[PDB]
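Next up: just one chain, as structure tokens, the form deposited in one PDB entry.
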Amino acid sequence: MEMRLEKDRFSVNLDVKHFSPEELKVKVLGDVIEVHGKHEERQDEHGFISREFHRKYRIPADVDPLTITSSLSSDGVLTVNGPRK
């Protein structure tokens, strides 16, 4: 989804609306953001549906991995951002 990349900050948004908050996990492992989402079989509008996904982003060169923050909204936007130095 959306992404901001300015001189000072970066921002990455994801549509994770099919996942509840216990079903998502953000890890900074080195110079990589990992987003993981897993959800077991469950009824929905058309039938039954399980889902899994695993995403990796490279951290911009001028981003200390230790200053990266995460946020989760109720309607399902997951954001990762960071200052740049």
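The numbering used is simple: start at 1 and walk along the sequence shown. Rigid core (definition): largest C-alpha set, two forms, superposition within 1.5 Å.
Asker: Would you mind comparing 14-22 and 59-67 for me and telling me which has the higher average C-alpha temperature factor in the entry?
Answerer: It is 59-67 that shows the higher mean C-alpha B-factor.
Asker: Compare the mean C-alpha B-factor of 48-56 with that of 31-39 as given in the PDB entry, and name the stretch with the higher value.
Answerer: Looking at the record's C-alpha B-factors, the answer is 31-39.
Asker: Per the entry's values, where does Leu78 land by CA temperature factor relative to the rest of its chain, in the lowest, middle or highest third?
Answerer: As the PDB entry reports it, the C-alpha B-factor of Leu78 lands in the lowest third of its chain.
Although it is not shown, the form solved in complex with a partner chain is what the next lines describe.
Asker: With both forms fitted on the core, check whether the Cα of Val32 differs by 2 Å or more between the shown form and the other one.
Answerer: No, its C-alpha moves less than 2 Å.
Asker: For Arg58, is the C-alpha shift between the shown form and the other one 2 Å or more after core superposition?
Answerer: It does not, since the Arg58 C-alpha is displaced less than 2 Å between the shown form and the other one after the core fit.
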